[PDB]
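In what follows, a structure is listed as structure tokens, so that the remarks can point back to it.
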Amino acid sequence: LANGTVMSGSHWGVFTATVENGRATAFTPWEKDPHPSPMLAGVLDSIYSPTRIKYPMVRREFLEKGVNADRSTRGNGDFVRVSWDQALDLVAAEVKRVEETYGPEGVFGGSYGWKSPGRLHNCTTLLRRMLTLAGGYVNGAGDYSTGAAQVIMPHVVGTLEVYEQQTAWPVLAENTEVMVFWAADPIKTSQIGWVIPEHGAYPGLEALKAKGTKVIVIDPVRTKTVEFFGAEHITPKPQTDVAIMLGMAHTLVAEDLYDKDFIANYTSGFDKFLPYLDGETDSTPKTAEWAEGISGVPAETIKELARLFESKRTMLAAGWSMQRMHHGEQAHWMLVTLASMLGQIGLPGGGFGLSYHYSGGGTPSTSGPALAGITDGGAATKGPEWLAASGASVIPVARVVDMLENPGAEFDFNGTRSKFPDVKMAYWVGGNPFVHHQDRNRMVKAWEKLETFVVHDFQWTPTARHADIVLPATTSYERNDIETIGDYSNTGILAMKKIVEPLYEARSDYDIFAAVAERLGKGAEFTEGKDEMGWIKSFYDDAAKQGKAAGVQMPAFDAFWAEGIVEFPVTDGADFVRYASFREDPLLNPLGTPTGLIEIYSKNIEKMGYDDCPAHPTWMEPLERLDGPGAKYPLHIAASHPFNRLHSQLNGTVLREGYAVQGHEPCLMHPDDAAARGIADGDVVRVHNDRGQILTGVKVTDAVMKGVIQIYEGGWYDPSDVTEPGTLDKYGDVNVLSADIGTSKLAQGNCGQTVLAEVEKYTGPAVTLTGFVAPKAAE
Ligand SMILES: NC1=NC(=O)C2=N[C@H]3C(S)=C(SO)[C@@H](COP(=O)(O)OP(=O)(O)OC[C@H]4O[C@@H](n5cnc6c(=O)[nH]c(N)nc65)[C@H](O)[C@@H]4O)O[C@H]3NC2=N1
Ligand SMILES: NC1=NC(=O)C2=N[C@H]3C(S)=C(S)[C@@H](COP(=O)(O)OP(=O)(O)OC[C@H]4O[C@@H](n5cnc6c(=O)[nH]c(N)nc65)[C@H](O)[C@@H]4O)O[C@H]3NC2=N1
Ligand SMILES: [Mo+6]
Ligand SMILES: [O]
């Protein structure tokens, strides 16, 4: 048995594992990581925890009746252990049956999910590689993060904007005077990366504090970001930020302070927005006093902030929770409109940034080459012969349940109309839709429309519990791979070396799909005749050839593997100022919009005629909001990202002990809201609305503003009885309470943070938690 140390990486960072007698016993952070995540211990534990999936399993009802199975019992845990050969034959037969019977429109292969980093063991791309060989599939478009903002931004500034490099951190330290974190908690959200994180925001935040820059945080919760800077903290009722921005803009116009020259030379449509702002069109001037009535933030505070932003070099760093809500397109559109009025876009340290809280945006980029990985093969094919009838080949990701309930119905998306395909099978790997998707009770019923649901994972998540066929995948730690360090920085390339042998009967997703492709008669097409190290070397060699041409020297493959990492030099990346070339010469460097300027009024959007996405930023009432006219429930749930999980990842580990309250997901509640209900710190409470009911454990704190409770997304749904409509969730999955609706007809994004509910002390029968131990038959 092996004894020694091995370096690898993950969504949480680079680390060194200690291995004793073939078992990983500790993960120690990379010595060069400026701010390791405390979650690393849970990553190690996830390899061995009680919910690790040991063997391939098939749901008993599905095994016995196939398409005639009772589908209401999915999730009850009645599984049968089968051999790998039996499972692979069945998965291949089902994929082929569905493709032959229903066509490519019958298979949903969007499989949204965060999976694990790695250029070879990319489970969702490998899934689509196999489904391409099987005949095709329906895919998903966009994501759950910036579903609204990524669609409105191309109409406003010309590009996606949310996933683009930001003005460098060092430029902010030397030039910014006022830093605003609007709906962003960078200390919490910068712990992880899509590719391996370099944790570059932490040194950046520390430099701002050492310089004494004024920091303002606009968030309903007193976060660690507020505490680290001792920031001025503004707490709006959730979903009212657009009203606040309009009050600020109105103030700038009324006091004649705004930058008329910036507006005249770099924007289009401000003259069509002015009448709305002044209330000529609806008899309602959008003053600071009007904004106070909706948001609860004092009118004078709104005015003083507006004046301060106009007189100092200000950076508006906005997060994405405020666009993960009804009419979410308006939030960043109005932010850019306000930023345009301030006139600092393109100046060092001024303007706005939509990725300072995510994956190190702002960390100086290196001059290194880009690393490529395995593909789905789609770009060198001739896929399905598709056409309306049979439905669209792609749907916005959050419309997956609408699709299942309404096959053949039309839907709007960014100016086009399409039809939902009639899906009969879904194959999900590296994702947890039974935690990440909204309105769990609606979804549970809608899933009965699928004949077959196949899942690969290494943990017994609610999604794996609901599958017809469950196959145990390996973790990154049981295989080899290669990946970039730094989504924006491109700090280097890491060898993700194998640490331990595969546990139990787990297999890589690559091996699983290669075996399914073999049963479809397409084995060589899937593998390309390469094995694990052959694939990895080919990606490295391609990057090295690209680096060579650019003047960046890289070692030969075996020398790189022996060192375990290669780092690239920073040349001019530390001086990057976003929008500087546009500001310098807008005629020579125009934006990719119809006019070449920032579009405050969009003629393109006006022509779509969508009632829920007007042609300029507009305040509209959402489905439900805190203190809204005729609102039924009294508390808004800040259903935001977890501090000590990456979504659902790591819920079934030792880390849960540190935050669970009587075994349930924690619920933060203000003292006054707790006192009114006779709730004490530590009590188990039932949180409910018209869509569902869940149990959580309360922590009383004035960190949340009055009227708001915090229940993070990611809790593992643990239904009392799967056959009972609206059954109580015993653990605390906040998506049992959210609504499943589109942000608007423009983007069709999810509204995961548009949620109101009531809370009462739970006095019902004692409940037993069953989500953190494997199903009995799977032991
Ligand atoms: N109410 C809500 N509020 C929100 O704010 C909210 N956030 C969104 C967002 S923003 C996202 S991501 O853009 C989704 C994340 O859902 P996801 O299914 O990616 O969550 P994970 O808990 O990270 O599921 C990943 C899944 O994958 C497994 N896995 C890891 N590596 C592998 C592998 O190599 N092979 C396989 N087969 N599986 C792997 C993990 O174990 C894990 O189970 O959430 C939205 N919802 C929100 N709602
Ligand atoms: N530790 C950690 N866990 C994760 O799960 C995680 N997920 C990653 C991913 S996939 C994403 S897409 C990003 C998400 O990055 P995103 O900015 O969407 O993060 P959230 O935690 O949903 O919201 C950030 C802040 O917005 C505040 N907020 C909520 N509603 C409102 C509102 O109406 N107005 C205002 N002004 N503020 C509001 C919340 O209180 C919270 O502090 O984080 C990434 N980083 C992550 N880190
Ligand atoms: Mo996301
Ligand atoms: O994401």
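Quick note: numbers on chain A are straight from Swiss-Prot, i.e. 45-823, in order.
Cβ atoms here come from the backbone N, Cα and C positions, even for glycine.
Copied over from Swiss-Prot:
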- 156-160, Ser189, 232-233, 262-263, 283-285, 364-365, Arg368, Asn476, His480, 500-501, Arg523, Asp553, 685-686, 691-693, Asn779, 796-797: Mo-bis(molybdopterin guanine dinucleotide) binding site (BINDING)
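Where Swiss-Prot records a feature, it is marked here on the structure.
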residue : record                                                  : Cβ neighbours (10 Å)
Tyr156  : Mo-bis(molybdopterin guanine dinucleotide) binding site : 21
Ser160  : Mo-bis(molybdopterin guanine dinucleotide) binding site : 25
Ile262  : Mo-bis(molybdopterin guanine dinucleotide) binding site : 24
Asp285  : Mo-bis(molybdopterin guanine dinucleotide) binding site : 27
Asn476  : Mo-bis(molybdopterin guanine dinucleotide) binding site : 25
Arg523  : Mo-bis(molybdopterin guanine dinucleotide) binding site : 26
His691  : Mo-bis(molybdopterin guanine dinucleotide) binding site : 20
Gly796  : Mo-bis(molybdopterin guanine dinucleotide) binding site : 25
By the DSSP assignment reduced to helix, strand and coil, which category contains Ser160 (Mo-bis(molybdopterin guanine dinucleotide) binding site)?
coil
Select, from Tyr156, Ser160, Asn476, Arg523, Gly796, each of the binding-site residues with a Cβ positioned under 6 A from at least one atom of ligand 2; if none does, say none.
none
DSSP output for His691 (Mo-bis(molybdopterin guanine dinucleotide) binding site) maps to coil
Three-state secondary structure of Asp285 (Mo-bis(molybdopterin guanine dinucleotide) binding site) from DSSP?
helix
Under 6 Å from ligand 1 by Cβ, which binding-site residues from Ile262, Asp285, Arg523, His691?
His691
